[PDB]
Every structure is written in C-alpha cells, then in structure tokens.
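Student: Sending over query_5.cif (mmCIF, C-alpha atoms and all ligand atoms).
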```
data_final
loop_
_atom_site.group_PDB
_atom_site.id
_atom_site.type_symbol
_atom_site.label_atom_id
_atom_site.label_comp_id
_atom_site.auth_asym_id
_atom_site.auth_seq_id
_atom_site.Cartn_x
_atom_site.Cartn_y
_atom_site.Cartn_z
ATOM 1 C CA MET A 1 105.945 85.584 98.593
ATOM 2 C CA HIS A 2 109.445 84.043 98.384
ATOM 3 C CA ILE A 3 110.922 84.409 94.924
ATOM 4 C CA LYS A 4 113.501 81.693 94.294
ATOM 5 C CA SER A 5 116.351 83.579 92.673
ATOM 6 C CA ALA A 6 119.635 82.986 90.887
ATOM 7 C CA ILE A 7 122.534 85.240 90.078
ATOM 8 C CA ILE A 8 124.849 84.563 87.118
ATOM 9 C CA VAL A 9 127.887 86.777 86.802
ATOM 10 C CA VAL A 10 129.359 86.510 83.308
ATOM 11 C CA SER A 11 133.050 87.493 83.174
ATOM 12 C CA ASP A 12 136.294 85.895 82.115
ATOM 13 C CA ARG A 13 138.329 87.899 84.668
ATOM 14 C CA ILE A 14 136.043 87.260 87.624
ATOM 15 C CA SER A 15 135.814 83.569 86.587
ATOM 16 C CA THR A 16 139.577 83.100 86.829
ATOM 17 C CA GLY A 17 139.723 85.170 90.027
ATOM 18 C CA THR A 18 141.826 88.105 88.820
ATOM 19 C CA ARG A 19 138.881 90.500 89.226
ATOM 20 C CA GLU A 20 136.568 90.927 92.243
ATOM 21 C CA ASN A 21 132.956 89.805 92.017
ATOM 22 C CA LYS A 22 131.298 93.124 92.898
ATOM 23 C CA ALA A 23 128.001 92.302 91.200
ATOM 24 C CA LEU A 24 127.013 89.523 93.587
ATOM 25 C CA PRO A 25 127.209 91.519 96.877
ATOM 26 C CA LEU A 26 125.646 94.524 95.187
ATOM 27 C CA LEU A 27 122.689 92.411 93.920
ATOM 28 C CA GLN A 28 122.319 90.859 97.394
ATOM 29 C CA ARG A 29 122.017 94.393 98.865
ATOM 30 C CA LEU A 30 119.474 95.437 96.233
ATOM 31 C CA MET A 31 117.453 92.278 96.935
ATOM 32 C CA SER A 32 117.420 92.694 100.720
ATOM 33 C CA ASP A 33 114.214 94.491 101.786
ATOM 34 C CA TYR A 38 107.741 89.678 99.262
ATOM 35 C CA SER A 39 111.307 88.480 99.490
ATOM 36 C CA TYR A 40 114.104 87.066 97.296
ATOM 37 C CA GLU A 41 115.492 83.673 98.232
ATOM 38 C CA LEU A 42 118.894 83.309 96.564
ATOM 39 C CA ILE A 43 119.157 79.605 95.715
ATOM 40 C CA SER A 44 122.211 79.858 93.471
ATOM 41 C CA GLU A 45 125.016 82.250 92.559
ATOM 42 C CA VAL A 46 127.712 81.481 90.031
ATOM 43 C CA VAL A 47 130.406 83.134 87.948
ATOM 44 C CA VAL A 48 130.881 81.783 84.417
ATOM 45 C CA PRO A 49 133.263 82.687 81.609
ATOM 46 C CA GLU A 50 131.810 84.623 78.676
ATOM 47 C CA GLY A 51 130.076 82.794 75.862
ATOM 48 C CA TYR A 52 126.842 81.278 74.602
ATOM 49 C CA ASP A 53 127.326 77.759 75.968
ATOM 50 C CA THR A 54 128.432 78.829 79.448
ATOM 51 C CA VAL A 55 125.488 81.217 79.916
ATOM 52 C CA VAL A 56 122.974 78.705 78.500
ATOM 53 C CA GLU A 57 124.234 76.035 80.907
ATOM 54 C CA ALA A 58 124.006 78.420 83.872
ATOM 55 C CA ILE A 59 120.464 79.550 83.026
ATOM 56 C CA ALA A 60 119.147 76.041 82.294
ATOM 57 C CA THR A 61 120.681 74.834 85.593
ATOM 58 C CA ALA A 62 119.077 77.628 87.602
ATOM 59 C CA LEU A 63 115.670 76.980 85.972
ATOM 60 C CA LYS A 64 115.965 73.224 86.768
ATOM 61 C CA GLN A 65 116.713 74.102 90.393
ATOM 62 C CA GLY A 66 113.439 76.028 90.512
ATOM 63 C CA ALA A 67 114.619 79.642 90.151
ATOM 64 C CA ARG A 68 111.816 81.950 89.085
ATOM 65 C CA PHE A 69 113.971 85.102 88.951
ATOM 66 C CA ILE A 70 117.338 84.936 87.239
ATOM 67 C CA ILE A 71 119.535 87.993 86.906
ATOM 68 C CA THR A 72 122.758 87.936 84.852
ATOM 69 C CA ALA A 73 125.498 90.583 84.974
ATOM 70 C CA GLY A 74 127.818 90.952 82.032
ATOM 71 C CA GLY A 75 128.363 89.650 78.523
ATOM 72 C CA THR A 76 125.993 92.111 76.840
ATOM 73 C CA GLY A 77 128.389 94.030 74.515
ATOM 74 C CA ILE A 78 129.365 93.395 70.905
ATOM 75 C CA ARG A 79 132.555 91.273 71.309
ATOM 76 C CA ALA A 80 132.219 87.813 69.775
ATOM 77 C CA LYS A 81 132.197 86.206 73.265
ATOM 78 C CA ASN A 82 129.507 88.596 74.555
ATOM 79 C CA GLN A 83 126.584 86.216 74.054
ATOM 80 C CA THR A 84 124.488 86.718 77.202
ATOM 81 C CA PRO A 85 121.509 88.252 75.323
ATOM 82 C CA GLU A 86 121.615 85.474 72.654
ATOM 83 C CA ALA A 87 121.880 82.733 75.293
ATOM 84 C CA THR A 88 119.037 84.322 77.243
ATOM 85 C CA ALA A 89 116.765 84.716 74.194
ATOM 86 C CA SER A 90 116.903 80.916 73.688
ATOM 87 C CA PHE A 91 114.735 80.563 76.850
ATOM 88 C CA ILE A 92 112.331 83.464 76.365
ATOM 89 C CA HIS A 93 108.648 82.911 75.755
ATOM 90 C CA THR A 94 107.638 86.586 75.954
ATOM 91 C CA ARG A 95 109.957 89.570 75.928
ATOM 92 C CA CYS A 96 109.390 92.622 78.116
ATOM 93 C CA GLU A 97 110.699 95.190 75.646
ATOM 94 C CA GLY A 98 108.982 98.082 77.494
ATOM 95 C CA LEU A 99 111.114 97.280 80.550
ATOM 96 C CA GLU A 100 114.274 97.166 78.401
ATOM 97 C CA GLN A 101 113.290 100.537 76.994
ATOM 98 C CA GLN A 102 112.646 101.992 80.484
ATOM 99 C CA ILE A 103 116.054 100.793 81.671
ATOM 100 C CA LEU A 104 117.565 102.751 78.820
ATOM 101 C CA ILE A 105 115.339 105.832 79.400
ATOM 102 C CA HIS A 106 116.328 105.774 83.120
ATOM 103 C CA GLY A 107 120.048 105.148 82.444
ATOM 104 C CA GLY A 115 123.560 102.168 74.392
ATOM 105 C CA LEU A 116 125.884 99.234 73.776
ATOM 106 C CA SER A 117 124.046 96.931 76.204
ATOM 107 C CA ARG A 118 121.985 94.448 74.322
ATOM 108 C CA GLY A 119 120.676 92.899 77.559
ATOM 109 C CA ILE A 120 117.133 91.562 77.367
ATOM 110 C CA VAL A 121 114.267 91.024 79.829
ATOM 111 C CA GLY A 122 111.636 88.359 79.415
ATOM 112 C CA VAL A 123 109.694 85.459 80.890
ATOM 113 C CA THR A 124 110.033 81.738 80.159
ATOM 114 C CA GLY A 125 106.281 81.036 80.133
ATOM 115 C CA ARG A 126 102.953 82.467 81.163
ATOM 116 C CA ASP A 127 101.992 80.553 84.269
ATOM 117 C CA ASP A 128 103.037 80.020 87.887
ATOM 118 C CA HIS A 129 106.052 77.952 86.869
ATOM 119 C CA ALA A 130 107.459 80.652 84.548
ATOM 120 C CA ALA A 131 110.655 82.524 85.403
ATOM 121 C CA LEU A 132 111.655 86.140 84.769
ATOM 122 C CA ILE A 133 115.194 86.558 83.371
ATOM 123 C CA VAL A 134 116.926 89.969 83.379
ATOM 124 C CA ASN A 135 120.284 90.753 81.733
ATOM 125 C CA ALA A 136 122.201 93.535 83.504
ATOM 126 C CA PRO A 137 125.507 95.092 82.416
ATOM 127 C CA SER A 138 128.745 94.226 84.207
ATOM 128 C CA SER A 139 129.067 97.651 85.841
ATOM 129 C CA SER A 140 127.708 98.464 89.230
ATOM 130 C CA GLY A 141 126.025 101.604 87.849
ATOM 131 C CA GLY A 142 124.403 99.572 85.068
ATOM 132 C CA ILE A 143 123.144 97.007 87.619
ATOM 133 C CA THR A 144 121.617 99.734 89.828
ATOM 134 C CA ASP A 145 119.847 101.325 86.833
ATOM 135 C CA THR A 146 118.479 97.940 85.746
ATOM 136 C CA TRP A 147 117.334 97.242 89.293
ATOM 137 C CA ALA A 148 115.620 100.644 89.585
ATOM 138 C CA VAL A 149 113.343 99.719 86.710
ATOM 139 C CA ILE A 150 112.761 96.032 87.459
ATOM 140 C CA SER A 151 112.296 96.178 91.236
ATOM 141 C CA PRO A 152 109.046 98.124 91.284
ATOM 142 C CA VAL A 153 107.420 95.842 88.711
ATOM 143 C CA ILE A 154 108.450 92.475 90.210
ATOM 144 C CA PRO A 155 105.243 92.129 92.288
ATOM 145 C CA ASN A 156 103.160 92.934 89.187
ATOM 146 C CA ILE A 157 105.006 90.418 87.001
ATOM 147 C CA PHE A 158 104.599 87.563 89.492
ATOM 148 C CA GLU A 159 101.029 88.495 90.288
ATOM 149 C CA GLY A 160 100.336 88.276 86.504
ATOM 150 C CA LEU A 161 102.189 84.992 86.023
ATOM 151 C CA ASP A 162 100.584 83.446 89.098
ATOM 152 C CA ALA A 163 96.963 84.483 88.389
HETATM 153 NA NA NA A 201 127.925 93.853 79.938
#
```
Spell out the structure here as structure tokens.
Ligand code: NA
Tutor:
Amino acid sequence: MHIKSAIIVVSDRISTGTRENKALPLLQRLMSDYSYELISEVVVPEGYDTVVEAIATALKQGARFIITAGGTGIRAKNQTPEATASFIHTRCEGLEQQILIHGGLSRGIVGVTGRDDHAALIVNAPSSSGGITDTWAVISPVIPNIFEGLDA
C-alpha cells in the first residue's frame, strides 16, 4: 500500500530562506518505515490563499495524505486551519482531541476530503518539531485504519 503523500511547510521565514526547513526532513524520517510515497514537498508563505493553492495542487497531483506544518496560531496570517477546512468533507475531531491529550493555541485540524478510495486525509501539524512528533504519534497508528475504511 503506497500512500501518495505531500508535505506543505507554512512559514514566512522558511519561505524566504532565512530559517531552516526542519519540518521536511523530520517528516521524512517519521514516514520512513504500507509505505509513504512523497510526491511533493513545498514551503509557502503564511496565509489562506497560499495554503489553499498548495493543498489543491497536491490533491490534483493525486496526493491522498497531505500534512501541513505551521500557520495554526491566532495571528491574522495564520490561516492553515481555515484553508484546510475549505477541503474537508468529514472532520476527525477525535484525532485532534487525542493529539492534544497526548501533547492549546494550535487550531490545526484533521479530516478527509471524501469517503471513498479517491479521498485524501489532511493533517495540520504545528511548526515545532515537538508538535510535529506529537501529531505523528497519534496519526501514524491510525493511518492503516483510515485508508482501509476509505478504500472499502
Ligand atoms: Na503552527
């Protein structure tokens, strides 16, 4: 089971190059042993339009697992959750809750874009490495179950 995957790092400073993209190599380590096939990775500035464009592009390219890092706080430009919600068919609020139980200002969501074997799972992680590892700890074990359900 190859899961076509995309990473979207959301950060003004990484986008311009004045800050290191630590999320990408960390996510690649967490993904490396089903299997994840990384078809796309990008860095975008903060905002609604930039995140929407990145998600819609990854979905068009066939990604079925999209993980974002960053843009989940309360600043005006922190619009990752809002951008993400525009694509969601069904939220996985239990998983959001577990991420919080396992790990307050992150508004990151988790959800799927449909209910069938074309649907994608989108997960918003925080910018921090610790926040990414806590998100991953909750999502990783349930990935097989999500795709088995969508693909039934
Ligand atoms: Na964040």
Student: Restrict the calculation to all atoms listed in the file, then for each residue of chain A with any atom at most 9 Å from an atom of ligand NA 201 (chain A) give the closest atom pair and their distance in Å to one decimal, rows by chain and rising residue number, as CSV.
Tutor:
```
residue,atom,partner,partner_atom,distance
A:10,CA,A:NA201,NA,8.2
A:11,CA,A:NA201,NA,8.8
A:73,CA,A:NA201,NA,6.5
A:74,CA,A:NA201,NA,3.6
A:75,CA,A:NA201,NA,4.5
A:76,CA,A:NA201,NA,4.0
A:77,CA,A:NA201,NA,5.4
A:82,CA,A:NA201,NA,7.7
A:84,CA,A:NA201,NA,8.4
A:116,CA,A:NA201,NA,8.4
A:117,CA,A:NA201,NA,6.2
A:118,CA,A:NA201,NA,8.2
A:119,CA,A:NA201,NA,7.7
A:135,CA,A:NA201,NA,8.4
A:136,CA,A:NA201,NA,6.8
A:137,CA,A:NA201,NA,3.7
A:138,CA,A:NA201,NA,4.4
A:139,CA,A:NA201,NA,7.1
A:142,CA,A:NA201,NA,8.5
```
Student: Could you tell me how far CA of residue 122 in chain A lies from CA of residue 99 in chain A, in Å and to one decimal?
Tutor: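 Separating CA of residue 122 in chain A from CA of residue 99 in chain A is a distance of 9.0 Å.
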Student: So that all listed atoms of range 5-19 of chain A fit with 5 Å spare on each side, what axis-aligned box centre and edge lengths in Å, to one decimal, would you give as JSON?
Tutor:
```
{"center_x": 129.1, "center_y": 86.7, "center_z": 87.4, "size_x": 35.5, "size_y": 17.5, "size_z": 20.6}
```
Student: Calculated over all atoms listed in the file, which of the candidates A:79, A:4, A:56, A:147 has the smallest distance to residue 100 in chain A?
Tutor: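 Nearest to residue 100 in chain A: A:147.
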Student: Exactly which residues make up the result of the PyMOL selection byres (((chain A and resi 38-40) around 8) and not hetatm) on this file, given as a JSON list (two decimals) with C-alpha atoms, keeping the file's coordinate frame?
Tutor:
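Writing done, so here's part_27.json:
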```
[["chain", "number", "residue", "atom", "x", "y", "z"],
["A", 1, "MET", "CA", 105.94, 85.58, 98.59],
["A", 2, "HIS", "CA", 109.44, 84.04, 98.38],
["A", 3, "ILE", "CA", 110.92, 84.41, 94.92],
["A", 4, "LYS", "CA", 113.50, 81.69, 94.29],
["A", 5, "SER", "CA", 116.35, 83.58, 92.67],
["A", 31, "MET", "CA", 117.45, 92.28, 96.94],
["A", 32, "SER", "CA", 117.42, 92.69, 100.72],
["A", 33, "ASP", "CA", 114.21, 94.49, 101.79],
["A", 41, "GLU", "CA", 115.49, 83.67, 98.23],
["A", 42, "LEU", "CA", 118.89, 83.31, 96.56],
["A", 155, "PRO", "CA", 105.24, 92.13, 92.29]]
```
Student: Show me the residues around (117.4, 98.1, 93.7) - criterion: an atom at most 8 Å away, all atoms listed in the file counted - as a list in words.
Tutor: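 I get residues 27, 29, 30, 31, 144, 145, 147, 148 and 151 of chain A for the residues within 8 Å of that point.
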Student: Those same residues - C-alpha atoms - I'd like them written as a PDB file, keeping the file's coordinate frame.
Tutor:
```pdb
ATOM      1  CA  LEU A  27     122.689  92.411  93.920  1.00  0.00           C
ATOM      2  CA  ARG A  29     122.017  94.393  98.865  1.00  0.00           C
ATOM      3  CA  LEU A  30     119.474  95.437  96.233  1.00  0.00           C
ATOM      4  CA  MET A  31     117.453  92.278  96.935  1.00  0.00           C
ATOM      5  CA  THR A 144     121.617  99.734  89.828  1.00  0.00           C
ATOM      6  CA  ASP A 145     119.847 101.325  86.833  1.00  0.00           C
ATOM      7  CA  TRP A 147     117.334  97.242  89.293  1.00  0.00           C
ATOM      8  CA  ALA A 148     115.620 100.644  89.585  1.00  0.00           C
ATOM      9  CA  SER A 151     112.296  96.178  91.236  1.00  0.00           C
TER      10      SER A 151
END
```
Student: Distance cut-off 6 Å, centre (106.5, 84.1, 78.9) in file coordinates, counting only C-alpha atoms: which residues qualify? Return them as a count of residues only.
Tutor: 6
Student: Please evaluate the PyMOL selection byres (((chain A and resi 90) around 12) and not hetatm) against the displayed coordinates and give the resulting residues as number ranges by chain.
Tutor: A: 52-53, 55-57, 59-60, 83-89, 91-95, 120, 122-124, 133
Student: Looking at A:50, A:98, A:67, A:127, which one is nearest to residue 80 in chain A, with distances taken over only C-alpha atoms?
Tutor: A:50
Student: Rounded to one decimal place, report the CA of residue 129 in chain A-CA of residue 63 in chain A distance in Å.
Tutor: 9.7 Å
Student: To one decimal place in Å, what is the distance between CA of residue 14 in chain A and CA of residue 81 in chain A?
Tutor: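 Separation of CA of residue 14 in chain A and CA of residue 81 in chain A: 14.9 Å.
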Student: Give the answer as one residue: which of A:26, A:6, A:143, A:131 has the shortest atom-to-atom distance to residue 160 in chain A, using all atoms listed in the file?
Tutor: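 With all atoms listed in the file as the atom set, the closest residue is A:131.
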Student: Taking into account all atoms listed in the file, which residue in the set A:71, A:8, A:62, A:78 is nearest to residue 46 in chain A?
Tutor: A:8
Student: Got a sec to resolve the PyMOL selection byres (((chain A and resi 161) around 8) and not hetatm) on this structure and send the residues as a PyMOL selection string?
Tutor: chain A and resi 126-128+130+157-160+162-163
Student: Identify which of the residues A:47, A:107, A:149, A:28 lies closest to residue 16 in chain A, counting all atoms listed in the file when measuring atom-to-atom distances.
Tutor: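 Ranked by minimum distance to residue 16 in chain A, first place goes to A:47.
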Student: Hey, which of A:146, A:61, A:51, A:140 ends up closest to residue 25 in chain A? Count all atoms listed in the file.
Tutor: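 The closest residue to residue 25 in chain A is A:140.
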